[PDB]
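**Q** To start, I am sharing the structure in question, which I have written as structure tokens.
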Amino acid sequence: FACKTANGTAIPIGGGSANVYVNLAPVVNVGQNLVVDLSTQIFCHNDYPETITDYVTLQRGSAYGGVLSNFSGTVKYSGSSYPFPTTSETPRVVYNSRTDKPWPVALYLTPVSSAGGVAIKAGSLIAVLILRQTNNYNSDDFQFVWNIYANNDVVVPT
């Protein structure tokens, strides 16, 4: 089991860390959602689906920089919505194929009432998402740590 980003960066068997650089809607009003769809950015596969089933959760997700300060967040994992930053590990998604398939994670971030101006800065860390992988075969328990960085400023009109 291993994962890769849209730009080619991979985290191999056993886990590790990688940076993901995302473009963001440049203007988001109070009452609107800024969406960070990582299902188009992060892809993973099972290396031995003939015999092993891989189990994958969002173990936890944290907000940083302007997202922590200026946004109220929810994370969608494989169709279900949870608080972001997270308060519990999600249910498991099954990976049973060698074809790389999306990690079904999306952040929905809406400005807090106090937000205004540049609410997210270009180049800043905005989230860390921990993908946890286990299986039905041995005791493997691996973390794939995704550091999410903003490619551009996000302005909240005032």
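All residue numbers for the sequence shown refer to my numbering, where the first residue is 40 and numbers rise by one.
Every residue, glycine too, gets a C-beta built ideally from N, C-alpha and C.
Contact between the region 114-123 and the region 89-101 is defined here as three or more beta-carbon pairs at a separation below 8 Å; is this criterion met?
**A** Result yes; three or more Cβ-Cβ pairs closer than 8 Å.
**Q** Kindly indicate the opening and closing residues of the alpha helix (DSSP H) around residue 112.
**A** Per DSSP, residue 112 belongs to no alpha helix (DSSP H); it is in the beta strand (DSSP E), 110-116.
**Q** With 16 as the cutoff for other CB atoms within 10 Å, does residue 109 come out buried or exposed?
**A** Classification for residue 109: buried.
**Q** In chain order, what residues of the same chain have a beta carbon less than 6 Å from the beta carbon of residue 29, not counting five sequence neighbours either side?
**A** Any answer about residue 29 is impossible in this case: the structure gives the chain only from 40 up to 197.
**Q** Alpha carbon to alpha carbon, how far is residue 81 from residue 152?
**A** The alpha-carbon atoms of residue 81 and residue 152 are separated by roughly 31 Å.
**Q** Quick check on DSSP: helix, strand or coil for residue 164?
**A** In this structure, residue 164 counts as strand in the three-state DSSP scheme.
**Q** By DSSP, does residue 153 sit in helix, in strand, or in coil?
**A** Correct three-state label for residue 153: coil.
**Q** Find the nearest neighbour of residue 173 within the set 62, 97, 43, judged by alpha-carbon distance.
**A** Nearest of 62, 97, 43 to residue 173, Cα basis: 97.
**Q** Once DSSP output is grouped into helix, strand and coil, what is the label at residue 67?
**A** Coil.
**Q** With distances taken from CA atoms, which of 53, 187, 59, 144 is nearest residue 180?
**A** Out of 53, 187, 59, 144, 53 has the C-alpha closest to the C-alpha of residue 180.
**Q** Tell me which residues share the same chain as residue 67 and place their Cβ nearer than 7 Å to its Cβ, disregarding the 5 neighbours each side in the sequence.
**A** Cβ within range, chain order: 73, 150, 193, 195.
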